[PDB]
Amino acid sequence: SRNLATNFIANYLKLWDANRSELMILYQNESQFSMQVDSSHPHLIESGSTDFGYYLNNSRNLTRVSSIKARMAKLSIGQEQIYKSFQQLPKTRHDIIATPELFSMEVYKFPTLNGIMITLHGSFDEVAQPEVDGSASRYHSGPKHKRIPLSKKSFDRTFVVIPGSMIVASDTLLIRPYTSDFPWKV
């Protein structure tokens, strides 16, 4: 189970940084994805605060979104919706092969459906703007705006994986300010 999760995460992140369309086999009609931003999250300070411009419109931080319409619009269900959410997240590199020590992980049983829970914590570099600009031009889709900076972010991501070979039933991504100091460091 600990090795089955290490492999899942290793392959997942390879494709998450390379070709996200290749991940879509993992998701089915009832599968769920949402992403939430926590701009207040503690981190080591030392350019100003983190610019979350690419993430804010799609953020399902449910303490900050009150209307039912907006709450359900930021939840993606099924492969099509989920793939569209993935296209609106900045392109990344997670340095898990070279520097696996930036990351921590828990893996344990889900109570039903013979599933397992996998939660990953760490950081990434942003290497390019998202394929689809979901932040609100010839250089990007959607309405015109000034250039949003790319920067490192820290994050936590939780998968519920079930037999179904492997199906991601639930997938929640939390985005927060980069912290170069964290409790599992060195």
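Numbers follow the displayed sequence, beginning with 1.
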(message) Mean Cα B factor from the PDB record: higher for 114 to 122, or higher for 35 to 43?
(response) 114 to 122
(request) Return whichever of 167 to 175 and 15 to 23 has the greater mean Cα B factor according to the PDB record. (result) 15 to 23
(message) If I read the C-alpha B-factors straight from the PDB entry, which of 72, 89, 82, 96 is highest?
(response) 96
(request) Taking the chain's C-alpha temperature factors as the reference, tell me which third residue 127 falls into: lowest, middle or highest. (result) middle
(message) Considering every modelled residue of the chain and its Cα B-factor in the PDB entry, is residue 159 in the lowest, middle or highest third?
(response) middle
(message) Using only modelled residues of the chain, where does the Cα B factor of residue 149 rank: lowest third, middle third or highest third?
(response) middle
(message) Taking only the Cα B-factors deposited for this chain, tell me whether residue 142 sits in the lowest, middle or highest third.
(response) highest
